[PDB]
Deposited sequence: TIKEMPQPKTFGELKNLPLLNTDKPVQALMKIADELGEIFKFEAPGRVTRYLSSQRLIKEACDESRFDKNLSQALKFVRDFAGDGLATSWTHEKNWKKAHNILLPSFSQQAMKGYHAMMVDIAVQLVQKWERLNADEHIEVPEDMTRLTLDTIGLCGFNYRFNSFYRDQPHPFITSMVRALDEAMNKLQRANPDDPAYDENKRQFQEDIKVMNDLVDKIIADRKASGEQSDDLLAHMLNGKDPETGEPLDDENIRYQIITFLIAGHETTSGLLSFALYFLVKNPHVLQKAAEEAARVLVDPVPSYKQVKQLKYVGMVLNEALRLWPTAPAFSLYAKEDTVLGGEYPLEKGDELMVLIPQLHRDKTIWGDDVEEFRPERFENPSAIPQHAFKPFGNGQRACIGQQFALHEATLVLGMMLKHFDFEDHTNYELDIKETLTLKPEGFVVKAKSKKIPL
């Protein structure tokens, strides 16, 4: 079969279709029109967008396809280097760092981070407890304060102190602007200026982290956090530790990857909850039932099953890292009808996969956490908000524990009002979030 292709613009092929504020949402609409697979051409390159479980289950075959670095990751690599997320599977530093860091996300591990997650969560709850009568909450803004601070602290014993500030840490300023620059390049001497902003932003991140690192190294203080592993750990395979250059790239990688998608998730979860008050009520009832002490235990967070389902349903509809790229390891045939050559690229459009009616049924647009009651019933590779195989999200357990803890405490401590009847507006960076989402929270007056 010859695959569908969306409208073209002469020499530019399909490229101008990505010249928009919301390219992922544009691609979802294109998938709606064209179906499970479509070719997308630009000057110099081609990729194929996949939307069905039927074809994505094959794309996820690691014997046939490996992770590809999208043009976007490639631009990010300019400051994330060969950190885990921006490295090729075949680079020595990918396997090394992967082996050395995996244990920092073991069960013994989330247990060790729990206390510090609670430290930041409590700061969130106290902020909301201290609001005056008719004030409101800027949701993603506050969720980003929480997720950033949580990775900074749990990961490296560094306090960004986001809740003591109105404006951003000088890191995010440097960081967001870099990502901004990074994204922007997607479409482009007129341009000598952004480069200096870029190199300066880059300089901000490195100098901090590089001190964050030799600061620790010298004092020699005794920890067991992420940094501790990046500094002391040895890859069982090569027997080698990471060097200081890669260590810094990992910190930059985790700070970024370790908060933006997580803030998005919390923001979408709260949005779906206020839009579906019966679901909010069911989740609030679990929170009250389970969280019987002033602050949650690790064991209690594990018992917030319905909260966990709410979070998976939010990831179904709006996975906050909405796409990942692959390349063919050898010539192969996709789905029995699409011949591929070695090197050919695929893109997995996760929000479309999560709307495949053959898997989820007709009601795919409805928010129903109960879909996740029996996870064993879900076919392979049908739900993929954390990517695939050995290149899947190493931070998955960290993200879900933090989100479940925080949303649990939120539902325990406040009732929520959608006071503006907020109209969902999804802003696209490298991730997704509901821009301008606000709520009012009424305290239940339960002390910490």
| message | Should a student be asked to find the unmodelled regions, what ranges of the deposited sequence would be the right answer here? | response | 1-2, 191-195
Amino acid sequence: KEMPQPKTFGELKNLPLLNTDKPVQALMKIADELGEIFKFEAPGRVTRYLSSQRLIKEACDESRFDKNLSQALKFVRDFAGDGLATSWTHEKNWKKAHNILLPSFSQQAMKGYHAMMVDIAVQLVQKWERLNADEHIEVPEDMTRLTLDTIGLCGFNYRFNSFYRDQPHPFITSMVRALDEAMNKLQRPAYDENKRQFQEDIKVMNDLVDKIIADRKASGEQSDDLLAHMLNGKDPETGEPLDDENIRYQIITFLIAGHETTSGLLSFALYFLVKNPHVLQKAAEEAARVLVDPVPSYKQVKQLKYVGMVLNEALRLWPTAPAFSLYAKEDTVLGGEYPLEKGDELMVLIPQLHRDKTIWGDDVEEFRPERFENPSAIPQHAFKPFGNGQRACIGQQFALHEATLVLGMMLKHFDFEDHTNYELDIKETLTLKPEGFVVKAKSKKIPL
From here on, numbers count along this sequence of modelled residues.
| request: Quick one: say whether 152-160 or 222-230 has the higher mean Cα B-factor in the deposited entry. | output: 222-230
| field | Between the two ranges 140-148 and 204-212, the one averaging a larger CA B factor in the entry | value | 204-212
| Between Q281, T173, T253, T332, where does the Cα B-factor run highest in the record? | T173
| task | From the list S325, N132, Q71, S87, select the residue with the highest C-alpha B factor recorded in the entry. | result | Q71
| said: Based on the deposited C-alpha B factors for this chain, I'd like to know if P434 is in the lowest, middle or highest third. | reply: lowest
| message | Taking only the Cα B-factors deposited for this chain, tell me whether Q25 sits in the lowest, middle or highest third. | response | lowest
| message | Can you tell me whether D293 has a C-alpha B-factor in the lowest, middle or highest third compared with the other modelled residues of the same chain? | response | highest
| query | What third of its chain's C-alpha B-factors does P385 belong to: lowest, middle or highest? | reply | lowest
| Where the record places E260 (Cα B-factor, split into thirds across the chain) | highest
